[PDB]
Each structure stands twice: as structure tokens, then as C-alpha cells.
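The chains referred to below are lettered A, B, ... by the order of the sequence lines, with proteins before strands, and numbering in each begins at 1. Ligands are counted one by one from 1 in listed order, and the atoms in each one are counted from 1 as well.
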Amino acid sequence: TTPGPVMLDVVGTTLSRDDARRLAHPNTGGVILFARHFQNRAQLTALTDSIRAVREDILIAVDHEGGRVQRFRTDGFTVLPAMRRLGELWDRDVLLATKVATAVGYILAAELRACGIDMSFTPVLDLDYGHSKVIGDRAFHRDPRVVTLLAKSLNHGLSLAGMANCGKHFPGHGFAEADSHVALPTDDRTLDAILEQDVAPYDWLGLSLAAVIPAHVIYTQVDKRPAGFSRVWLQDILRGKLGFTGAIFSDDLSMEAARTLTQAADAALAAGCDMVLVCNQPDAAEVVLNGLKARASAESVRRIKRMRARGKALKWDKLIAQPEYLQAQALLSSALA
Amino acid sequence: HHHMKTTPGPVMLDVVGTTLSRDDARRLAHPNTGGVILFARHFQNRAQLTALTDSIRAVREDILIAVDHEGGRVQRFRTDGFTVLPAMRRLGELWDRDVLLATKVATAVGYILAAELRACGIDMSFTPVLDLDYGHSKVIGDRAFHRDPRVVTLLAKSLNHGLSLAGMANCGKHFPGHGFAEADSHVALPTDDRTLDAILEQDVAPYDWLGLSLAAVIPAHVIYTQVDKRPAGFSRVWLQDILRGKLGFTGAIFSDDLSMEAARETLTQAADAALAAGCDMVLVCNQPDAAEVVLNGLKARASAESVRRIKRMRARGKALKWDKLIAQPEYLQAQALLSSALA
Ligand SMILES: CC(=O)N[C@@H]1[C@@H](O)[C@H](O)[C@@H](CO)O[C@H]1O
Ligand SMILES: CC(=O)N[C@@H]1[C@@H](O)[C@H](O)[C@@H](CO)O[C@H]1O
Ligand SMILES: [Cl-]
Ligand SMILES: [Cl-]
Ligand SMILES: [Cl-]
Ligand SMILES: [Cl-]
């Protein structure tokens, strides 16, 4: 079986019959996990194993950014800094900040891999303008050159554990005021202004950027469609001008800005997303699985398969004794308050 | 399948030719062998090279296979589709025009370098050179990225990221820095008379700053007269007190080639001195019979931790075969960027 375009979630800490039905659907390609899916490492590892047992080619993801966005924060998961802390470190010592960013990435990925997770939806490449509450301390820095090199160093750490990455929220959520969870944010800047600054990290990262999530933000001088439903943003700019060949994941179609779910999914995929997220309503996601309009998918499937974690990973009982992991832990503890 | 229970030994040696002989097979099965380094004489074409690396792994399942693919003046395989890579100095020149572009190009170069080697069954390249470009060292020359250790660090880091995208590790060299000394360690014993603080401030800084982005190190056969009378690869002060100790380095340490004239400061004694000082593996190049004397004479017993470090140098994950690689969009993007950005 090959991955479908929909990433959805499961009902709880153990798989149900209804989850198994959805996981077997040809239009399912992923699972996203939240805090409610985590009781402890043993339970989470059993859950991810059970998911892969139903659907061998499934991608399993989570939001592990650090700071305010980190689903698993107990039973030995390391509580990671807000990414803003790394930009503050850079302002004091550029080179140390890059070293610490790698150590954070390695820890982040290695601990996720130990529980059988493929990837985290990180890094946030949004610029820290100070304008956006929803982003806030999730942004690395104001300066796109600094965002790029800190995010690159983080992504390097992720790669040391065989993990990919996903830059977000393209072409930039940092400037717009509103929260896309609960409203429809707008950004009235010119295309050239957005390209010069906010898009620059996506371009400069090159092969170091594996995937993107687009913002549910309307860039009113560029397209009246939100970026994840915009052929202009996803094809003309990201695939075209930037030459990007990695996976594109819609932002959560359950979010107010994304406003049927099936129509929004079809529109996201037509615009250029390879996978669509439907979070926190699995029955409604099942309606999407069965209602989605047919489309060419071979090019999307190549990209989706390339988001699976690479190589072997250490289980927890080995990771806890690994010198690299221990060195990374010591550096985090000493370099950051 | 390997019928015999073995663990990798400390010696990295070479084979006699383009196909394995009986005598190579004997050396590859010796308990003290842990790796093979390939040179230009081992390369006729990709098909032959891939068969040779496969044949090496079949004799010794846990063997590490390495090559010097730096780019520029140091690149063993340059034909039958291998991409001729720039001298690392070119990346530092690009940095001086456009820092961010340089970092993007460095990753592209790393990815091409590693992916091509993976397609032919090689684990790793002995790159990056972290030596600083003082303009003093002919043996280093355009192999150095840049004068400034901060620039060397970030370009090398970006290169190593590219290597990691293809599942390949890396090896920083030649620690604590070959760029300041004049002499060529292939034919002479170079000296460097700077204070420890001066050497730590600049030349060692990339090793410290790279952190986990640095997988391994080759020490220089250079005497740093203010720090230790022993060349760095035979110095417990350099390897234990500075590298393992001060810097907390946990990766593999490979001696520089013990066949070099500087290493004469016998082969077996030199290997034992290198391993005692802190090397996990020793290189013995271009004299397989002499390497075999070392195999049978070596006193060192490898620790479990050296074995772990050596095993972690093996390439990770699945690699694309050549015909798939050259049609891959990401490889094609990397090639296009090299062609445009370095013109
Ligand atoms: C602007 C924003 O925060 N969007 C988030 C995104 O970061 C996250 O990856 C996704 C999946 O949980 O959910 C969205 O709400
Ligand atoms: C100073 C110098 O160039 N040393 C080289 C080293 O870079 C190379 O990796 C090794 C194995 O071929 O041989 C040494 O001669
Ligand atoms: Cl577990
Ligand atoms: Cl690229
Ligand atoms: Cl570290
Ligand atoms: Cl591919």
C-alpha cells in the first residue's frame, strides 16, 4: 500500500477498531499525535508500533518545537527551550548558538525516534517581528539570515538522528496580527516585501529544508486565497521561483481560517499540498477520506515517502547511555537558563 | 550473512587492486582490521568499484570503507559520472561575496559528494579540512575553506549537513590545526611554536564549535612545541586533555597515515603509540605487507567504546543506486546550484 493524502489523529492512548478502519483507508497517509496520546514512553511506543502494524507505510508526526509547543514533556522527554531563546543566545555568541541549536535538534529527534515517531513539524521560520501572538516566542529571531542559520543548525541535529523537518508557516506568519486558529489573518504587504524577508529562509535553506506547512493567512496584495489554498503561493512561488521539491503539508483544516472540510481538502491539494491535516475530529476526517476528489498523486507520494525517518534508531534503553545524547544534554543545561 | 562472530579492529589499511586478492581477504579477516581506505588506483569505473566494495563487505561484515573525497586537489574518483568537486577554498571565496548562498552551496556539495559515494558502496569521506588558511602551508593550500575559524566552522557545518542528508558521517582534520606550520607532514616533521592559548583561540575553535556536527577527527602529525614534544596523534595531552577532555569529544579518532615521514617520530610502535594516546583507528596506507606486520604485532586491545565509535562511522539508511540518484530532483537541484553559484 502507498500513502494517501490525509494526515489525521487517533482517538486515544491505545488503538481502537475505528482508528484501524481509518488507518487502512487508501486516502490515509499520516497520523499526527497530541498531548492526549501520551501517558508515558512505554504506552506511546506501543501505540506507534500498533499504528504501523495496521498501515506499514504511514507517516507519524507531532508538534515538537519546544517552549509553548511540545506535546510530550514528561517521562523522560526533555523540555526544550522556546526557539526565541536560541536567537537570544545568538545575540550573545553566534557560534555557540549554532552548536546549541544542533544539540536541541538531536535531542528532539532522538527522543521522538525512540518512541517510533517519524518527524516533528519544526522549524518555525516565521520572523520575530513582535506582531503575532500565535507565533510569539516560537520564532527564532527577527533577522531572516539568523533564522536561516539557526534553523539550519537545528535541522542538522534532526538529521543526525535520521529525522527530516518542516518549515512553517510559509510564506510567513510573523507579520500578520490575527491567530489563524480562531480568525482569518491578513497581511497587506507587497509580494516583493514578503519575498525579501519572510520567504528568504525557505530559499536559503536549500536541501536543508525537507518540507513546508503554509500559513492560513491571506496576503491581500498577492492572492485572495489563504496560502495553503493558493496556487500562486504553493506553485508559482514555492515550486516555481524557489524550485522547492519537498513535501507540502496543509496547516490544520480544522482551524477557523481554513473555513466543508472535504472541499477545503480538495482545494489544498489542488493548490499544491501533498498532504492535508485534519486534526481533532477523526469522524469528520473519515468523511474527507471517503469524499475526497481523485487526483494525480505519484509525485506527491515520492515526497511523502521521503519524510519517513531514515536508518535505525536507538530505543530508549540504549539512548539513555549514549555519549552523544549525554553531551547534548550537558550542553543544553549549561548554555541555556 | 557472516558465519563468523567478529568485531572491528583498529587498523584501516588498503587493498592491492581493483579486485580483491587472496592476500587482501586474509588481511580483511584479521581481528585487528577495522577498515579499508581507497585510493585512485582502486578505481577503474563505477561497476568495478561497486563490486569491489561489495566484495570487501562480504569478507568482513562490519568493515568501514573510506576515501579522501575533499574536492579540488584531493578527490580520488573523478570519472565515469563522478562529479568533480571544487576546492574548499572556492566556498570561502563565495562566502566573501554572499554568506547565505555559500552555506546553501556547501550543503549541495556535501550532498553530491556523499550520495555519489553511497551509490558505490562507500561509507565515508575524510572531509572536512578544518585547517585555517594562513597561506603558510603548501600541503594544505586550497584545501582550507577560509582564514577565519568562524567561517571555516559554518561552511564545514553546512558541508557536513549535506553529507548527513545522504546518511554519511564526516571527519575533521588535521587536529589541532595544520594551517599555521610550514612543513609537509608527508615528507618532514612540521613544528608549530604558538602558545596553547593561541592555538585554542583560532585553530581548535572549529572542533569546539561544531559539536555533534563533527563525527570524527584526524590529528595532525605536527609537533606543537609549547604544548607537547609529541606529534598530536601520539599526544595524550592533545587527544585526552584537550579533545576528549576540554572539548568533550565523543566521536572516532583516526590517526593520520602512519606511512608518512612525520609518523616516524616503526609502524607497529607508531600504531601502538597512536592508539595508546587516544586514536580509535590507525591508518596504514600504501604498504599492505607492512600493514599486515602491524596487524600481527599490535599490542593494543580495543575498548568497547572504540568499537562503538568505529561502528557509528558506517553510513546510515538506504542509498539510491546511481541510475536513480542521477534522476532525483534534489540531486539535480544540487548540481544546478553548483554550476550556477560557482561560475
Ligand atoms: C499557526 C499555527 O500555530 N499553526 C499550527 C501548526 O504550527 C501546527 O503544526 C498544526 C498541527 O497541529 O496546527 C496548527 O494549528
Ligand atoms: C596532512 C595531510 O594531507 N594528511 C593526509 C590526510 O588528509 C588523508 O586523509 C590521509 C589518508 O589518505 O593521508 C594523509 O597524508
Ligand atoms: Cl519505550
Ligand atoms: Cl539546493
Ligand atoms: Cl554537543
Ligand atoms: Cl527519490
Side-chain angles (χ1 to χ4, degrees), chain A residues 7 9 32-35 61-65 68-69 71 119-124 126 132 134-136 138 166-169 173-174 176 178-182 185 213-217 228 245 249-258 277-280 299 301-303 305-306, chain B residues 12 14 37-40 66-70 73-74 76 115 124-129 131 137 139-141 143 171-174 177-179 181 183-187 190 218-222 233 254-263 283-286 320 325 327-332:
Chain A
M7 176 173 279
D9 48 31
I32 186 172
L33 305 160
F34 291 101
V62 65
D63 302 307
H64 268 214
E65 303 172 24
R68 294 190 298 113
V69 184
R71 307 307 180 198
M119 68 175 286
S120 176
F121 291 121
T122 197
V124 170
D126 303 321
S132 175
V134 59
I135 303 311
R138 300 159 67 192
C166 186
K168 65 193 192 182
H169 308 82
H173 213 307
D179 179 356
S180 46
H181 293 86
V182 304
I213 285 165
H216 303 309
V217 168
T245 61
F249 295 85
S250 85
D251 206 357
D252 176 19
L253 301 178
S254 303
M255 294 162 81
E256 172 68 17
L277 277 56
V278 178
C279 306
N280 297 308
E299 290 299 319
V301 166
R302 183 195 81 88
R303 297 176 188 120
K305 292 183 82 99
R306 285 168 45 70
Chain B
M12 176 173 278
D14 44 33
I37 185 174
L38 300 165
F39 291 103
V67 68
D68 299 309
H69 269 213
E70 297 175 26
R73 294 187 299 113
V74 187
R76 307 307 182 202
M124 68 173 288
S125 176
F126 289 120
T127 197
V129 167
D131 300 321
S137 177
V139 63
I140 305 311
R143 294 162 72 196
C171 186
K173 62 193 197 181
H174 308 82
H178 212 307
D184 182 356
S185 46
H186 292 92
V187 299
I218 284 165
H221 297 311
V222 173
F254 295 82
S255 85
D256 206 0
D257 181 19
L258 299 178
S259 301
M260 296 165 77
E261 179 75 355
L283 278 50
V284 184
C285 306
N286 299 306
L320 294 181
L325 177 63
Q328 190 198 49
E330 289 77 19
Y331 177 89
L332 291 169

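Closest to atom 15 (O) of ligand 1, if we only count protein heavy atoms, is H181(A) NE2, 2.8 Å. Ranking the protein heavy atoms by distance from atom 9 (O) of ligand 1 puts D63(A) OD1, 2.7 Å first. Protein heavy atom at the shortest distance from atom 4 (N) of ligand 1 is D251(A) OD2, 3.0 Å.
With hydrogens and angles disregarded, no donor-acceptor distance shorter than 3.5 Å links the side chain of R143(B) to the backbone of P128(B). In this structure a side-chain-to-backbone donor-acceptor pair under 3.5 Å is missing from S137(B) to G179(B).
The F39(B) neighbourhood of ligand 2 comprises atoms 12 (O), with distances under 4.0 Å to a heavy atom of that residue. Taking a cut-off of under 4.0 Å to the non-hydrogen atoms of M255(A), the atoms of ligand 1 that pass are 4 (N), 14 (C), 15 (O). Listed by number with element, the atoms of ligand 2 under 4.0 angstrom from any heavy atom of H178(B) are 1 (C). Counting atoms of ligand 1 from 1 in the listed order, those under 4.0 Å from a heavy atom of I32(A) are 11 (C), 12 (O).
None of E256(A), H216(A), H173(A), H169(A) except one satisfies the side chain to side chain donor-acceptor pair (under 3.5 Å) rule with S180(A); the exception is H173(A).
If you look at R138(A) next to ligand 1, the close heavy atoms, those under 4.0 Å, all belong to the side chain.
To the nearest 0.5 Å, the span separating CG on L283(B) from CD1 on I218(B) amounts to 6.0 Å. One finds the OG atom of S254(A) at 8.0 Å from the CG atom of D9(A) (value rounded to the nearest 0.5 Å).
Remark: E65(A) does not engage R71(A) in a salt bridge, criterion side-chain N to carboxylate O under 4.0 Å. Salt bridge present: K173(B) and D68(B) bring a charged side-chain N and a carboxylate O closer than 4.0 Å.
In terms of polar-atom proximity, defined here as any N/O pair under 3.5 Å, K168(A) does make such a contact with ligand 1. In terms of N/O distances under 3.5 Å, ligand 2 is approached by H174(B). The distance criterion of under 3.5 Å between nitrogen or oxygen atoms is not met by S180(A) with respect to ligand 1.
Judged by distance alone, the side chains of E330(B) and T245(A) do bring a donor and an acceptor atom under 3.5 Å apart.
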